[PDB]
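Note that we place each Cβ from the backbone using ideal geometry, even for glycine, and neighbour counts take in every protein chain shown. Please treat every number below as a calculation from the coordinates, not as lab data.
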Amino acid sequence: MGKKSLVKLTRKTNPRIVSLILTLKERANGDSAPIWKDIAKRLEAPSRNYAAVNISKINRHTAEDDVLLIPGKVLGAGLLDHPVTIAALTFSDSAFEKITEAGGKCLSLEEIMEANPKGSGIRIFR
Amino acid sequence: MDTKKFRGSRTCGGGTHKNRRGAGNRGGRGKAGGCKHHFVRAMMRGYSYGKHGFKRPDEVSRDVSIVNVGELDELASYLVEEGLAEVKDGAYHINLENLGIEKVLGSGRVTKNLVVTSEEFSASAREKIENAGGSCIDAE
RNA sequence: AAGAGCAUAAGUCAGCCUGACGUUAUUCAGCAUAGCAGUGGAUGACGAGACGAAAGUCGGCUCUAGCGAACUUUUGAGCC
RNA sequence: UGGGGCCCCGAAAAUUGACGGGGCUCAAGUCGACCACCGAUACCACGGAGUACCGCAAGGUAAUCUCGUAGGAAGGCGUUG
RNA sequence: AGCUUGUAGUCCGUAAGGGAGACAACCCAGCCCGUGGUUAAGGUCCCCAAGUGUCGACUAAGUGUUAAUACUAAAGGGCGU
RNA sequence: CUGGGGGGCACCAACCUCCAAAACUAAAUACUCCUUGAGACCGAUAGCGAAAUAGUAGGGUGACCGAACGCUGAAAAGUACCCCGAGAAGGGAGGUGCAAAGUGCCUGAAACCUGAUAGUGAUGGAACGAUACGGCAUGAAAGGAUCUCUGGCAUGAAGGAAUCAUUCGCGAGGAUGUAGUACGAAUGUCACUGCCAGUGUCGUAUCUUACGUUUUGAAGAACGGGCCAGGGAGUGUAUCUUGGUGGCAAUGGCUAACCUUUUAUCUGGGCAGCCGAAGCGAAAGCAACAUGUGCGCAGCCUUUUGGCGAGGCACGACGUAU
RNA sequence: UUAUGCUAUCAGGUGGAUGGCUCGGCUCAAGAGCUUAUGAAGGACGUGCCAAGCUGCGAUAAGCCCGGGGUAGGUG
Ligand SMILES: [Mg+2]
Ligand SMILES: [Mg+2]
Ligand SMILES: [Mg+2]
Ligand SMILES: [Mg+2]
Ligand SMILES: [Mg+2]
Ligand SMILES: [Mg+2]
């Protein structure tokens, strides 16, 4: 975290993003898992180019009972067939309803980082 | 431009003070210089000279709205939930003129039983609809 | 014109012919490197032919000059 | 008689005057060598500032970072409300 | 022709500081601030810091005492040395 | 009237639709001489030309052009009486007032002018200064007191002798040993002293031919400025394109005019409409993959070598035009 | 006592900057909106005890009469 990452952090305004970035770097140092450092560097990118993932893509690529990190927002467009865990930064209301009806979960990045200390089997999507 | 960035610069980011005189430092006013000295820029912008084709009157022409069979199939449960469609004896009876669509295309898959009534049907849309056991009615 | 090419020939003569064909895609130079019309020249593709036992050659005259956008009128085939 | 080094004649311009000047003759000139010393912000050492990149921070690396016009970019000072 | 028009390298333009009498572009050097040290180009009779230095010869004309250089005279002759 | 007109080239037919060549008609709207209210407005070279004896003084035959000028104090309490003077001038003394603020009188800068103080000065060379060392003058406050001055001791990086001896060289001198020694920026420590920092001016040594601009090139015999104060130059509407940060998100996003305004805010409505969602083609018209294959970054698993592998890249297949 | 001068600071003159104040200006919003032959707007001249300009007024001339409000001073 040289002056470069400090500048990219200073641009942000939403407090939750800043707290996430700092805590992710701390947890990455704690567990020696590069997953959290990767997610931090992704969240620290330009806000114009974040990820917006539709339900169809998750249905296309994942399988039964996977765990998913989406540094962006999950949008509801398509049909979800099987249970999935999608810990993402934000959900739209239709996406939340579809994932709940399918039988999955919609837990934020804080909950996933607290529950799993190491990300032993997490799949990053974009 | 950032005026405070240039307090003490004199030229204010223009080079010599002999630039920024008027319209002759831009090559003319407007899109002026069509093909003498701005021809390459004229071709790259999308302002090439010429007239090509004709137009029909807007009285007679129409612009049809479209919906693919995949889209119509996927959101069928929501359609019957909103009371738009109908579910007598299982097969969905969906009428396209209440939604506001005048033609059904054929991109996508169809698995549910659909009884679709509308004005127009591409050949592949009809083929896909009837390969799933459904029926299509030319709504008149 | 100037330069380059050519000998069982790219030259001279005879026989038979009209490829001096319709349509179409790239790449090169004009315009090194490094944007820029139209337009030309090299490979090809589809459809028809000429000569020749066949292989092959033929998209004019051995290669590099002989030419011009938009708008407008006229002409050709079929359509909107 | 031929081949070389230095010098002389050939050689006259306009305000008074230009080896930088004084001056200099086994030289304070020319030719071939040599020794010692002087002389920069260059190079060496020490301390300090800034910058680039990395690191959670502490901090770490820089012989391979520190000139600058047209010009691009980043952070700050001031005036009135 | 310090002329005009090309080309390769490097410079001035936009380049401090040291030395050339002064010198846009010639030689050393590409430069954050302070202190000590040793050198480069160039110099060491006085102006002016450091040699009236060493060895072997030449010049008698104040010739010369002027790296490059837009700033420095030729053919010819001399029983001058 | 068994009539007439229209339906974006003329005529024919069907169908749809209307009755000109006469006339009137409130409300919703536009504007500001004028009245009221409000202000991220200007604050006396600004704001209207005019803080109005301002369209005035003044200028032009005329059409017409057109300035400068605000401020005593709480209260005039607006300087009694005396001397000088030709004096209804003015000066001195003496009063009023917290304070002369003494009449165009709040504060009272610079240019410019008069006097005084410090430095220097009638043998002397110039971009008016920077750096180091000295003379003279000052150094009350806001700056120092292990601070200023002078010395002793300990450690000391790069560098590093003198002197003497041996030896080499025609010689100027070199090499070895004395010696990486004595010293050496600085870092600590113990006594000693009352100055130092700073400011003005003059002298000595090195360096520098002002500043902006046009120029390949500026100290120029190229242009601009006598000096001082104040004023003085990237702004708004519409539209297109692209970044940093956000809201919502294919069951898409946003409303416009307007209504509720209870004074311009604000809360709640407002689905007309615009962009996105399907393209190709002049047009008629026709109308696509909701993953078939491979390479593989990040990340994860693992025998640390391989495996899975979102996004990325390369194919294959399909819609339409020719 | 070095004259004529040069540099810096101080005291005074001239001048009117800066600061503070401001019955003025400007912009927006809400209202209101015709008048004159029964002689208008505009102009010339006059009008005050001491009165030149502006303002008001018209030989009844900084003005006259009536009704209401207001109350002890008035003479732009
Ligand atoms: Mg610049
Ligand atoms: Mg350079
Ligand atoms: Mg120099
Ligand atoms: Mg004014
Ligand atoms: Mg220039
Ligand atoms: Mg000013």
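Against the conditions (1) near RNA strand F (Cβ under 8 Å from one of its atoms); (2) surrounded by 15 or more Cβ atoms within 10 Å (Cβ to Cβ); (3) within 14 Å of another protein chain (Cβ to nearest Cβ), A:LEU75 satisfies every one except (3). Select from segment B:87-107 the residues that are in a loop (DSSP other than H, G, I, E, B) and either touching a residue at least 24 places away in the same chain (Cβ under 8 Å) or within 14 Å of chain A (Cβ to nearest Cβ) (or both) and list them in ascending order. The answer is B:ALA91, B:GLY100, B:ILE101, B:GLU102, B:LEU105, B:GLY106, B:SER107. Here B:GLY28 meets the list (1) farther than 30 Å from B:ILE137 by Cβ; (2) within 16 Å of RNA strand C (Cβ to nearest atom) almost entirely, failing just condition (2). Taking the listed residues B:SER48, B:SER135, B:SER118, the one that is polar (S, T, N, Q) and within 26 Å of A:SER56 (Cβ to Cβ) is B:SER118, with no other qualifying.
Count of segment A:8-37 residues, restricted to those that are of a type outside the set (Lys, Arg) and near RNA strand F (Cβ under 10 Å from one of its atoms), is 14. Determine whether segment B:54-71 contains at least one residue that is more than 24 Å from the chain's Cα centre (by Cα) and either within 12 Å of RNA strand F (Cβ to nearest atom) or among the small types (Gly, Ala, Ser) (or both). No, there is no match, as no residue in segment B:54-71 is more than 24 Å from the chain's Cα centre (by Cα) and either within 12 Å of RNA strand F (Cβ to nearest atom) or among the small types (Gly, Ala, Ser) (or both). With the structure loaded, tell me whether B:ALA91 is over 21 Å from A:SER94 (Cβ atoms) and either under 27 Å from the mean Cα position of the chain (by Cα) or among the aliphatic types (A, V, I, L, M) (or both) or whether it fails that test. Criteria met by B:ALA91. Inclusion of A:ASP81 among residues that are within 14 Å of another protein chain (Cβ to nearest Cβ) and either surrounded by fewer than 15 Cβ atoms within 10 Å (Cβ to Cβ) or without any contact (Cβ under 8 Å) to a residue 12 or more places away in the chain (or both) is warranted. Is it fair to say B:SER61 is of a type in the set (S, T, N, Q), within 15 Å of RNA strand C (Cβ to nearest atom) and under 30 Å from B:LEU99 (Cα atoms)? Yes, satisfied.
Per-residue answers, yes or no, for (1) surrounded by 13 or more Cβ atoms within 10 Å (Cβ to Cβ); (2) in a helix (DSSP H, G or I); (3) on the phi < 0 side of the Ramachandran plot; (4) small (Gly, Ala, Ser):
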site: A:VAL7; (1), (2), (3), (4): no, yes, yes, no
site: A:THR13; (1), (2), (3), (4): no, no, yes, no
site: A:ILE39; (1), (2), (3), (4): yes, yes, yes, no
site: A:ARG42; (1), (2), (3), (4): yes, yes, yes, no
site: A:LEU69; (1), (2), (3), (4): yes, no, yes, no
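Screening A:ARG27 against (1) within 14 Å of chain B (Cβ to nearest Cβ); (2) touching a residue at least 60 places away in the same chain (Cβ under 8 Å) leaves a single unmet condition, (1). Taking interchain pairs and intrachain pairs at least six residues apart, which have beta carbon atoms under 9 angstrom, with the first residue in segment A:85-99 and within 14 Å of chain B (Cβ to nearest Cβ) and the second more than 16 Å from RNA strand C (Cβ to nearest atom) and outside any loop (DSSP other than H, G, I, E, B)? These pairs meet every condition: A:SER94/A:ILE55; A:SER94/A:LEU75; A:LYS98/A:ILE55.
Take the residues of segment A:102-125 that are closer than 9 Å to A:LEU69 by Cα and surrounded by fewer than 15 Cβ atoms within 10 Å (Cβ to Cβ): which is nearest to RNA strand D (Cβ to nearest atom)? Here the residue is A:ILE124. With the structure loaded, tell me whether A:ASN54 is within 14 Å of another protein chain (Cβ to nearest Cβ) and either more than 16 Å from RNA strand C (Cβ to nearest atom) or touching a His at 6+ places or on another chain (Cβ under 8 Å) (or both) or whether it fails that test. Spelling it out, A:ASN54 is indeed within 14 Å of another protein chain (Cβ to nearest Cβ) and either more than 16 Å from RNA strand C (Cβ to nearest atom) or touching a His at 6+ places or on another chain (Cβ under 8 Å) (or both).
Of all residues in segment B:93-102, exactly one satisfies the criterion of being touching an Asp or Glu at 6+ places or on another chain (Cβ under 7 Å) and within 12 Å of B:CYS136 (Cα to Cα), namely B:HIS93.
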